[PDB]
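Here's the structure we're looking at; comments come further down.
No value in this document is a laboratory result; all are computed from the given coordinates. Methodologically, a virtual Cβ is constructed for each residue, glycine included, from the backbone with ideal geometry; neighbour enumeration extends over all protein chains shown.
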């Protein structure tokens, strides 16, 4: 983490997290459809547990706390 | 090997130079037929050893200086 600079390591981990969502479009499709079918539930309180579900299946593919664009989908969804 | 960066010190370049001098003075002779201890062979083989050594030492101390800079940076971060 210190050969490559701090800033460059941050960029690196951001890229390593968000690359597995534009290298395979199955992940992109699946997550975007779950997000959108979670914004269209009738009860707003039952959309929030769907959104915590999505935020729970993002922590299995992006394990570092940088601001990947998928963590922007979830923020706009909430 | 000097300007590629294999020897990190001066002692390793010194030992490598010395040993390869001996093994080459033998191998090239026995490839060309000439006696390795021949007096005329060792007149053009060992011809101008100090100028060769000075050129090598210079083109290695350039490397030592740049390596010291790199290491000093990567050490002032840790």
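Things worth noting here:
- The set of residues in the range A:7-59 being surrounded by fewer than 10 Cβ atoms within 10 Å (Cβ to Cβ) and within 14 Å of another protein chain (Cβ to nearest Cβ) consists of A:7 alone.
- Of note, residue A:73 satisfies the criterion of being touching a helix residue (DSSP H, G or I) at 6+ places or on another chain (Cβ under 7 Å), more than 14 Å from chain B (Cβ to nearest Cβ), assigned to a helix (DSSP H, G or I) and surrounded by 11 or more Cβ atoms within 10 Å (Cβ to Cβ).
- Hits in the range A:43-60 (condition: in a helix (DSSP H, G or I) and within 17 Å of residue A:28 (Cβ to Cβ)): A:54, A:55, A:57, A:58
- For the range B:40-54, the set of residues classified as surrounded by 11 or more Cβ atoms within 10 Å (Cβ to Cβ) and within 13 Å of the chain's Cα centre (by Cα) consists of B:52, B:53, B:54, listed by residue number.
- Only one entry in B:14, B:30, B:37, B:23 is away from chain A (no Cβ under 14 Å), surrounded by 10 or more Cβ atoms within 10 Å (Cβ to Cβ) and part of a loop (DSSP other than H, G, I, E, B), namely B:37.
- One residue from A:36, A:28, A:10 being within 30 Å of residue B:76 (Cα to Cα) and assigned to a helix (DSSP H, G or I): A:10
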